[PDB]
Amino acid sequence: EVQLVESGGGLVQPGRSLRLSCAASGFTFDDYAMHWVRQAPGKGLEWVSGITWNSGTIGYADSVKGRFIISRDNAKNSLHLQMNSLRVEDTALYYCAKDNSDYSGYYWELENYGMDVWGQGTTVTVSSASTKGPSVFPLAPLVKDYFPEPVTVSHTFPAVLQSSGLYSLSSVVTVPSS
Amino acid sequence: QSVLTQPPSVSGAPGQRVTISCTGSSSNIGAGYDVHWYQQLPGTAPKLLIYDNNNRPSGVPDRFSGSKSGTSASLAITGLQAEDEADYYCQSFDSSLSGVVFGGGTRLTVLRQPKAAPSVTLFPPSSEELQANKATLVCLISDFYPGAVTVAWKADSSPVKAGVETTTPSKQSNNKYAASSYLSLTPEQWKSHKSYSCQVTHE
Amino acid sequence: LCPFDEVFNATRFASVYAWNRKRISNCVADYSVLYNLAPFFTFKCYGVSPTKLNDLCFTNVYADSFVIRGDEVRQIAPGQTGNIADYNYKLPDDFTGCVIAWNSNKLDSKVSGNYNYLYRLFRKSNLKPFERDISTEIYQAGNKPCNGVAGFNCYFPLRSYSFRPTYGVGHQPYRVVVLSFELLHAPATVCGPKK
Ligand SMILES: *[C@@H]1O[C@H](CO)[C@@H](O)[C@H](O)[C@H]1NC(C)=O
């Protein structure tokens, strides 16, 4: 059974670096292209990079070009992603993913990449934020700029992660107006 | 923005046929690259659903189908079942960028009930927050269904995109949806312009 | 029938620092297919005659593929010095085998692929023969620890070729395949058609 186990994630501050890794199990690693795909919370899948069976880099998402570096190790059945100069918007869950096809591919052919097996994602968070208390304001009929989550209120909405990397949410009571 | 374009939301009732469109460019789909489709649940890793434009992975029922023509591809679901409620992503290759390219994703809701409507409540900046550095307008959105909602602010009938942050649709303890939008301002901005509006668009 | 076609005609090629190795075994090798129509085709052998390959038999054969500058195709040979020989890909002074290379400007010089081909520029020691260093750790050039970030006297070790078609041939990308013919006191698994 194919198994892909990401690792190397964690919390990191802007500008720092991080190396993700993916241990590949249950198939002939070096017959397949390998891919990194990331997903910011509540957003869509974004291909980061990918590398052919013969360790040929396919490309990079234009948002990470120059800052990320893909590499594979066919003796240890391993996939890697060096992430340099991390930015806040690099915060996402990063998937390892095996390509569907074992076809070698040739230069006069159109490449065909699709991922039939996915790992679960190693979470990567890029944040400047230390623990900060909230400053609250008129609320029911605002708890703002705190970190980390959660916060208690005694309908309370989920929070926004703002530009500051700090959270903010609001609770609301609907009551008789007398 | 993704290079492949996908409707944010589609919805139908059980038993109906729904389709999802995926349009590309001269660079990727019109260049002849195959198109693949993926299916994901909230909190779940994606799953390959269609490969090489019309092939179903083993265990994907025959009521899913795919097609590709010119600059576009399409996923078709014919016997819609409550199980089919998920996010779907098309995918291809773009030779201009030399990279794999994903579509923006499509929220497919299998309608259980008629559409619900959003209750929107706007709040001005607090008095003791204008006594402090800032000013923030809050627009909270509850009880809507399906869970697709776009928030737009307007300052004196003019567009605003400088300082806003919107949340993703969350389930309640109800099976209805909620969302928050926060617009940050200075106390100057709040009286510089005159009247601020929160505009909510739902199915 | 050995899979040289897949190796020589791959769509992408590896960067020199992360050069690829493909074991060739249990196969019949038609070495007469080792050719292409790329402009500056080279085929250089050391301690072995390429006109005998298809009457020869080996335990295994390895194909090492990667891309470098035209300037540097000369560093892929026994007893060479320079950035590539020292820090990226090293053949032993005793090397027996063939180095096949050709100009790949028509494929590897597109802007979209500007970061696809890298090389290591700083390293503590020189690589021993057939070593591969794919590490991406900051290089401490001097006295002060680097604490994981690049800065004064602390360099990210990998640099990019950033190939462009308008560059001179000596700066254009070349694809290289290095063939090592392993010969053990064991049964042969890779023979030419005639043997
Ligand atoms: C690379 O493909 C071409 C087909 O045009 C062929 O003539 C050549 O011999 C192939 N290479 C090998 C080593 O088989």
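Every number in this text was worked out from the coordinates using simple rules, so none of it is lab data. Neighbour counts run over all protein chains shown; Cβ positions are idealised from the backbone, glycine included.
Take the residues in the stretch A:106-135 that are over 24 Å from A:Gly56 (Cβ atoms) and within 9 Å of chain B (Cβ to nearest Cβ), then tell me which one is farthest from the chain's Cα centre (by Cα).
A:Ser135
Considering (1) within 16 Å of the ligand (Cβ to nearest atom); (2) away from chain A (no Cβ under 12 Å); (3) surrounded by 15 or more Cβ atoms within 10 Å (Cβ to Cβ), say which one C:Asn60 fails and leave the rest.
Checking C:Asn60 against (1) within 16 Å of the ligand (Cβ to nearest atom); (2) away from chain A (no Cβ under 12 Å); (3) surrounded by 15 or more Cβ atoms within 10 Å (Cβ to Cβ), the one that fails is (1).
Return yes when C:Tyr46 is more than 14 Å from chain A (Cβ to nearest Cβ) and farther than 30 Å from C:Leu158 by Cβ and no when it is not.
For C:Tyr46, the condition - more than 14 Å from chain A (Cβ to nearest Cβ) and farther than 30 Å from C:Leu158 by Cβ - is not met.
Going by the conditions given, is A:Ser85 more than 9 Å from chain C (Cβ to nearest Cβ), surrounded by fewer than 20 Cβ atoms within 10 Å (Cβ to Cβ) and more than 16 Å from the ligand (Cβ to nearest atom)?
For A:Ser85, the condition - more than 9 Å from chain C (Cβ to nearest Cβ), surrounded by fewer than 20 Cβ atoms within 10 Å (Cβ to Cβ) and more than 16 Å from the ligand (Cβ to nearest atom) - is not met.
If C:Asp108 satisfies all but one of (1) out of contact with any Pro (no Cβ under 7 Å at 6 or more places or on another chain); (2) among the charged types (D, E, K, R); (3) closer than 30 Å to A:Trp108 by Cα, what's the number of the condition it fails?
Status for C:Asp108: all satisfied but (1).
Check whether at least one residue in the stretch B:76-92 is at positive phi and in a loop (DSSP other than H, G, I, E, B), and report yes or no.
no
Among the residues of the stretch A:41-79, write down those that are surrounded by 16 or more Cβ atoms within 10 Å (Cβ to Cβ) and either touching a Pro at 6+ places or on another chain (Cβ under 6 Å) or small (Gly, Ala, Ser) (or both).
A:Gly44, A:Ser49, A:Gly50, A:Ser55, A:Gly56, A:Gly59, A:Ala61, A:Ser71, A:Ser78
Filter the stretch A:88-125 down to the residues that are within 28 Å of B:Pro57 (Cα to Cα), hydrophobic (A, V, I, L, M, F, W, C) and either in a strand (DSSP E or B) or within 16 Å of the ligand (Cβ to nearest atom) (or both) and list them by number.
A:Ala92, A:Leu93, A:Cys96, A:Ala97, A:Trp108, A:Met115, A:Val117, A:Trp118
What's the number of the only condition in (1) within 14 Å of another protein chain (Cβ to nearest Cβ); (2) within 15 Å of the chain's Cα centre (by Cα); (3) farther than 24 Å from B:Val100 by Cα; (4) not small (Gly, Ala, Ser) that C:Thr136 fails to meet?
The number of the failed condition is (2).
Can you tell me which residue among C:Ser32, C:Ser104 is surrounded by fewer than 14 Cβ atoms within 10 Å (Cβ to Cβ) and within 15 Å of the ligand (Cβ to nearest atom)?
C:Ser32
Name every residue in the stretch A:32-57 that is touching a helix residue (DSSP H, G or I) at 6+ places or on another chain (Cβ under 9 Å) and assigned to a strand (DSSP E or B), in order of residue number.
A:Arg38, A:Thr57
When the stretch A:14-29 is examined, which residues are found to be surrounded by fewer than 18 Cβ atoms within 10 Å (Cβ to Cβ) and within 10 Å of another protein chain (Cβ to nearest Cβ)?
Of everything in the stretch A:14-29, those that are surrounded by fewer than 18 Cβ atoms within 10 Å (Cβ to Cβ) and within 10 Å of another protein chain (Cβ to nearest Cβ) turn out to be A:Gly15, A:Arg16, A:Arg19.
C:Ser109 fails exactly one of the following numbered conditions: (1) under 26 Å from C:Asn9 (Cα atoms); (2) more than 14 Å from every other protein chain (Cβ to nearest Cβ). What is the number of that condition?
Only one criterion is unmet by C:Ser109, namely (2).
I need the full set of residues from the stretch B:167-182 which are at the interface with chain A (Cβ under 8 Å from one of its Cβ atoms) and touching a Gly at 6+ places or on another chain (Cβ under 7 Å), in order please.
Hit for the stretch B:167-182 is B:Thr168, nothing else.
Kindly provide the set of residues from the stretch C:117-168 that are under 17 Å from A:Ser55 (Cα atoms) and either β-branched (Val, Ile, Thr) or assigned to a strand (DSSP E or B) (or both), ordered by number.
C:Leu118, C:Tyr119, C:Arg120, C:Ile134, C:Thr136, C:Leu158, C:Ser160
Considering every residue within the stretch C:71-86, establish whether at least one is away from chain A (no Cβ under 14 Å), in contact with a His (Cβ under 7 Å, 6 or more places away or on another chain), more than 16 Å from the ligand (Cβ to nearest atom) and more than 27 Å from A:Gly50 (Cβ to Cβ).
Within the stretch C:71-86, one or more residues are away from chain A (no Cβ under 14 Å), in contact with a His (Cβ under 7 Å, 6 or more places away or on another chain), more than 16 Å from the ligand (Cβ to nearest atom) and more than 27 Å from A:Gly50 (Cβ to Cβ).
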